[PDB]
Structures are given as structure tokens and as C-alpha cells.
Amino acid sequence: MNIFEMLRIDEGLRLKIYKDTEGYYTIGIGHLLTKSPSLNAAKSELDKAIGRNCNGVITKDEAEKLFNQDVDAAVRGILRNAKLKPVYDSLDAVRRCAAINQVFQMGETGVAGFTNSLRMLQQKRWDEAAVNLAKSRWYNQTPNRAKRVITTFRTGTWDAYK
């Protein structure tokens with residue numbers, strides 16, 4: 001298991017524009033297109049992202065290219081963020097994947113606001129961090145995915161992903 005395999009499980013792969021868990025137009029492996037309710041705005045964003053007129057559909061290669069960009073961007077966001085970087089750097093490789101997963105789903109600013117969880121994770125208070133992580137809109141809205149990510153933070157193993 002690695003971050004790509006982990007996020008592929010959590011996000012799925014769909015080649016046609018779909019709505020994510022929040023109702024927002026998305027494509028590929030959790031590539032958010034826009035928060036606009038206008039499908040034409042989503043299609044414009046898609047065409048711009050891919051560099052051709054897609055008419056709402058992409059190939060697997062194209063989806064994987066966006067995914068590479070999105071993972072890369074998530075990591076670089078973490079490294080540029082004064083609140084996230086020290087916590088990320090304090091973690092082992094497996095827990096770093098959990099961190100990337102949460103930032104991928106929620107965005108850098110959202111995760112940077114998880115002050116008490118960040119502190120507990122840097123302190124390596126794993127069970128306490130796991131309890132805190134679950135006291136969240138994130139957990140309540142996507143509990144099966146959040147449980148997997150939290151188990152990864154708690155244990156530093158891939159047990160939740162088989």
C-alpha cells in the first residue's frame with residue numbers, strides 16, 4: 001500500500017463528471033472541478049484541466065494524470081503550511097499517508113484548523129488523537145472513510161485498507 005492506492009480506494013475512479021459526497025462536480029479519482037451548481041461551469045473547468053474539449057468524459061490515463069497532480073499539490077500544500085509541516089515531518093511514512101489523505105479530501109486550510117488533533121499527533125498520543133479526529137463534521141459525514149483514515153493515524157499500519 002501507498003498513498004495512490006489508498007486514495008484510489010477512498011475516492012474511486014469515475015470517467016464521467018459526477019457529484020462528490022458534498023454534491024460538487026468532480027471527475028476521475030476525486031478531482032474536484034468546481035463548487036458551482038452549473039454543469040457547464042464544471043465542463044469548462046474540465047476542458048481547461050485536460051487541455052481539450054472533453055464533453056464531460058475523460059480517459060483513465062487522463063484521470064491518473066489529474067490524480068498525480070492533485071497528490072503532488074496536496075503534499076506541497078502541507079510542506080508550505082506553517083501549521084501542517086512540523087506535524088507532517090514528525091510522522092512516520094504510513095501516518096504521513098493518512099495526513100495526505102485528509103488534506104486531499106478536506107483541503108489544506110480545513111486540516112490546518114484541526115488544532116487539537118494536530119498537537120496530539122505531533123505528541124504521538126495516538127489513541128487520544130484518534131478520539132479527537134472523530135469529533136468532527138468530517139467523521140460524521142463520511143464515517144466509513146474517516147474510520148479507515150483514523151485507524152491509519154492510530155496504528156501506523158495499513159490494517160484498515162487490507
# chains A, B, ... in the order shown; residues from 1 in each chain; ligands from 1
$ select_by_dssp --residues "chain A" --states "strand (DSSP E or B)" --output "PyMOL selection string"
chain A and resi 14-19+25-28+31-32+57
$ residues_around --residues "residue 20 in chain A" --least-positions-apart "5" --cutoff "12 Å" --atoms "only C-alpha atoms" --output "list in words"
residues 10, 11, 12, 13, 14, 25, 26, 27, 28, 29, 30, 31, 32, 33, 34, 35, 105 and 142 of chain A
$ write_last_selection --atoms "C-alpha atoms" --output "PDB file, in the first residue's frame"
ATOM      1  CA  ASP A  10     -11.224   6.102  -0.833  1.00  0.00           C
ATOM      2  CA  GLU A  11     -12.103   8.196  -3.903  1.00  0.00           C
ATOM      3  CA  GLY A  12     -12.921   5.579  -6.563  1.00  0.00           C
ATOM      4  CA  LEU A  13     -12.415   6.093 -10.289  1.00  0.00           C
ATOM      5  CA  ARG A  14     -15.158   7.517 -12.499  1.00  0.00           C
ATOM      6  CA  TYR A  25     -18.980  18.278  -9.735  1.00  0.00           C
ATOM      7  CA  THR A  26     -15.947  16.001  -9.776  1.00  0.00           C
ATOM      8  CA  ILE A  27     -14.203  13.583 -12.147  1.00  0.00           C
ATOM      9  CA  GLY A  28     -11.580  10.832 -12.126  1.00  0.00           C
ATOM     10  CA  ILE A  29     -10.096   9.967  -8.726  1.00  0.00           C
ATOM     11  CA  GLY A  30     -11.732  12.690  -6.627  1.00  0.00           C
ATOM     12  CA  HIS A  31     -10.705  15.610  -8.826  1.00  0.00           C
ATOM     13  CA  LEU A  32     -12.978  18.486  -7.793  1.00  0.00           C
ATOM     14  CA  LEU A  33     -13.961  20.570 -10.811  1.00  0.00           C
ATOM     15  CA  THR A  34     -15.987  23.329  -9.171  1.00  0.00           C
ATOM     16  CA  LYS A  35     -18.414  24.103  -6.367  1.00  0.00           C
ATOM     17  CA  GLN A 105     -10.340  15.327   0.930  1.00  0.00           C
ATOM     18  CA  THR A 142     -18.005  10.260   5.742  1.00  0.00           C
TER      19      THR A 142
END
$ select_by_dssp --residues "range 75-143 of chain A" --states "helix (DSSP H, G or I)" --output "PyMOL selection string"
chain A and resi 75-80+85-90+93-106+108-112+115-122+126-134+137-141+143
$ residues_around --residues "range 60-75 of chain A" --least-positions-apart "2" --cutoff "7 Å" --atoms "only C-alpha atoms" --output "list in words"
residues 15, 28, 29, 31, 58, 77, 78, 79, 100, 103 and 104 of chain A
$ write_last_selection --atoms "N, CA, C and O atoms" --output "compact mmCIF listing (two decimals), in the first residue's frame"
# COMPACT_ATOMS: atom_id res chain seq x y z
N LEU A 15 -15.03 8.03 -14.87
CA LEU A 15 -14.51 8.73 -16.05
C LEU A 15 -15.43 9.80 -16.61
O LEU A 15 -15.05 10.56 -17.50
N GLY A 28 -12.79 11.62 -12.34
CA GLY A 28 -11.58 10.83 -12.13
C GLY A 28 -11.51 10.24 -10.74
O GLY A 28 -12.46 9.58 -10.27
N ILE A 29 -10.37 10.47 -10.09
CA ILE A 29 -10.10 9.97 -8.73
C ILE A 29 -10.21 11.15 -7.75
O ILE A 29 -9.22 11.71 -7.28
N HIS A 31 -11.13 14.29 -8.37
CA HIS A 31 -10.70 15.61 -8.83
C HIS A 31 -11.88 16.58 -8.84
O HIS A 31 -12.73 16.52 -9.74
N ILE A 58 -13.46 11.71 -19.66
CA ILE A 58 -12.00 11.57 -19.81
C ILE A 58 -11.57 10.11 -19.85
O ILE A 58 -12.38 9.21 -19.60
N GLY A 77 1.26 21.61 -0.50
CA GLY A 77 0.45 22.44 0.38
C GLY A 77 0.86 22.22 1.82
O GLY A 77 1.14 23.18 2.55
N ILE A 78 0.94 20.95 2.22
CA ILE A 78 1.37 20.58 3.57
C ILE A 78 2.75 21.20 3.87
O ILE A 78 2.92 21.85 4.90
N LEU A 79 3.70 21.02 2.96
CA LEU A 79 5.07 21.47 3.20
C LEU A 79 5.21 23.00 3.29
O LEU A 79 6.13 23.49 3.94
N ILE A 100 -1.90 13.07 4.23
CA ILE A 100 -2.12 13.47 2.84
C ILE A 100 -3.57 13.19 2.43
O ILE A 100 -4.21 14.02 1.77
N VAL A 103 -5.89 15.86 3.87
CA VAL A 103 -5.71 17.13 3.14
C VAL A 103 -6.31 17.05 1.72
O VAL A 103 -6.93 18.00 1.24
N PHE A 104 -6.12 15.91 1.06
CA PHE A 104 -6.72 15.67 -0.25
C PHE A 104 -8.25 15.85 -0.20
O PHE A 104 -8.84 16.54 -1.04
$ decode --residues "range 32-56 of chain A" --atoms "N, CA and C atoms" --output "PDB file, in the first residue's frame"
ATOM      1  N   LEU A  32     -11.924  17.480  -7.860  1.00  0.00           N
ATOM      2  CA  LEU A  32     -12.978  18.486  -7.793  1.00  0.00           C
ATOM      3  C   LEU A  32     -12.855  19.453  -8.961  1.00  0.00           C
ATOM      4  N   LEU A  33     -13.953  19.646  -9.682  1.00  0.00           N
ATOM      5  CA  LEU A  33     -13.961  20.570 -10.811  1.00  0.00           C
ATOM      6  C   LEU A  33     -14.386  21.968 -10.403  1.00  0.00           C
ATOM      7  N   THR A  34     -15.449  22.048  -9.610  1.00  0.00           N
ATOM      8  CA  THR A  34     -15.987  23.329  -9.171  1.00  0.00           C
ATOM      9  C   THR A  34     -17.038  23.099  -8.100  1.00  0.00           C
ATOM     10  N   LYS A  35     -17.295  24.136  -7.305  1.00  0.00           N
ATOM     11  CA  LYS A  35     -18.414  24.103  -6.367  1.00  0.00           C
ATOM     12  C   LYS A  35     -19.686  24.711  -6.972  1.00  0.00           C
ATOM     13  N   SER A  36     -19.587  25.194  -8.211  1.00  0.00           N
ATOM     14  CA  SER A  36     -20.737  25.763  -8.919  1.00  0.00           C
ATOM     15  C   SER A  36     -21.782  24.693  -9.210  1.00  0.00           C
ATOM     16  N   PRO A  37     -23.076  25.027  -9.045  1.00  0.00           N
ATOM     17  CA  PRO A  37     -24.118  24.084  -9.443  1.00  0.00           C
ATOM     18  C   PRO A  37     -24.358  24.045 -10.958  1.00  0.00           C
ATOM     19  N   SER A  38     -23.629  24.863 -11.721  1.00  0.00           N
ATOM     20  CA  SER A  38     -23.767  24.865 -13.177  1.00  0.00           C
ATOM     21  C   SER A  38     -22.872  23.812 -13.822  1.00  0.00           C
ATOM     22  N   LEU A  39     -23.493  22.798 -14.418  1.00  0.00           N
ATOM     23  CA  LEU A  39     -22.762  21.742 -15.118  1.00  0.00           C
ATOM     24  C   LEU A  39     -21.862  22.291 -16.234  1.00  0.00           C
ATOM     25  N   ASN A  40     -22.293  23.362 -16.894  1.00  0.00           N
ATOM     26  CA  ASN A  40     -21.454  23.976 -17.924  1.00  0.00           C
ATOM     27  C   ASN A  40     -20.169  24.596 -17.366  1.00  0.00           C
ATOM     28  N   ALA A  41     -20.241  25.141 -16.153  1.00  0.00           N
ATOM     29  CA  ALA A  41     -19.040  25.648 -15.484  1.00  0.00           C
ATOM     30  C   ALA A  41     -18.075  24.509 -15.172  1.00  0.00           C
ATOM     31  N   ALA A  42     -18.619  23.369 -14.742  1.00  0.00           N
ATOM     32  CA  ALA A  42     -17.822  22.164 -14.495  1.00  0.00           C
ATOM     33  C   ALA A  42     -17.155  21.655 -15.768  1.00  0.00           C
ATOM     34  N   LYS A  43     -17.905  21.636 -16.870  1.00  0.00           N
ATOM     35  CA  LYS A  43     -17.364  21.209 -18.159  1.00  0.00           C
ATOM     36  C   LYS A  43     -16.248  22.141 -18.646  1.00  0.00           C
ATOM     37  N   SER A  44     -16.417  23.443 -18.425  1.00  0.00           N
ATOM     38  CA  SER A  44     -15.371  24.403 -18.770  1.00  0.00           C
ATOM     39  C   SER A  44     -14.104  24.134 -17.953  1.00  0.00           C
ATOM     40  N   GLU A  45     -14.266  23.899 -16.652  1.00  0.00           N
ATOM     41  CA  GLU A  45     -13.120  23.593 -15.800  1.00  0.00           C
ATOM     42  C   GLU A  45     -12.446  22.299 -16.230  1.00  0.00           C
ATOM     43  N   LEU A  46     -13.246  21.305 -16.608  1.00  0.00           N
ATOM     44  CA  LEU A  46     -12.706  20.041 -17.087  1.00  0.00           C
ATOM     45  C   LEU A  46     -11.833  20.228 -18.328  1.00  0.00           C
ATOM     46  N   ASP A  47     -12.385  20.917 -19.323  1.00  0.00           N
ATOM     47  CA  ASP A  47     -11.673  21.139 -20.578  1.00  0.00           C
ATOM     48  C   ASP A  47     -10.365  21.892 -20.356  1.00  0.00           C
ATOM     49  N   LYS A  48     -10.398  22.858 -19.442  1.00  0.00           N
ATOM     50  CA  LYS A  48      -9.206  23.622 -19.069  1.00  0.00           C
ATOM     51  C   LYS A  48      -8.162  22.742 -18.374  1.00  0.00           C
ATOM     52  N   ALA A  49      -8.625  21.828 -17.526  1.00  0.00           N
ATOM     53  CA  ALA A  49      -7.720  20.950 -16.781  1.00  0.00           C
ATOM     54  C   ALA A  49      -7.041  19.920 -17.683  1.00  0.00           C
ATOM     55  N   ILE A  50      -7.780  19.433 -18.676  1.00  0.00           N
ATOM     56  CA  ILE A  50      -7.289  18.387 -19.579  1.00  0.00           C
ATOM     57  C   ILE A  50      -6.592  18.937 -20.829  1.00  0.00           C
ATOM     58  N   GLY A  51      -6.987  20.136 -21.251  1.00  0.00           N
ATOM     59  CA  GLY A  51      -6.405  20.758 -22.438  1.00  0.00           C
ATOM     60  C   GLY A  51      -7.044  20.346 -23.755  1.00  0.00           C
ATOM     61  N   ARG A  52      -8.291  19.877 -23.692  1.00  0.00           N
ATOM     62  CA  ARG A  52      -9.071  19.554 -24.890  1.00  0.00           C
ATOM     63  C   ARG A  52     -10.555  19.631 -24.543  1.00  0.00           C
ATOM     64  N   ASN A  53     -11.410  19.627 -25.565  1.00  0.00           N
ATOM     65  CA  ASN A  53     -12.850  19.578 -25.354  1.00  0.00           C
ATOM     66  C   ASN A  53     -13.289  18.152 -25.042  1.00  0.00           C
ATOM     67  N   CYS A  54     -13.624  17.913 -23.774  1.00  0.00           N
ATOM     68  CA  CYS A  54     -13.873  16.563 -23.260  1.00  0.00           C
ATOM     69  C   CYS A  54     -15.333  16.148 -23.312  1.00  0.00           C
ATOM     70  N   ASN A  55     -16.220  17.141 -23.384  1.00  0.00           N
ATOM     71  CA  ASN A  55     -17.661  16.939 -23.241  1.00  0.00           C
ATOM     72  C   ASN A  55     -18.008  16.012 -22.067  1.00  0.00           C
ATOM     73  N   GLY A  56     -17.372  16.287 -20.931  1.00  0.00           N
ATOM     74  CA  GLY A  56     -17.716  15.646 -19.664  1.00  0.00           C
ATOM     75  C   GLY A  56     -17.162  14.252 -19.449  1.00  0.00           C
TER      76      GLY A  56
END
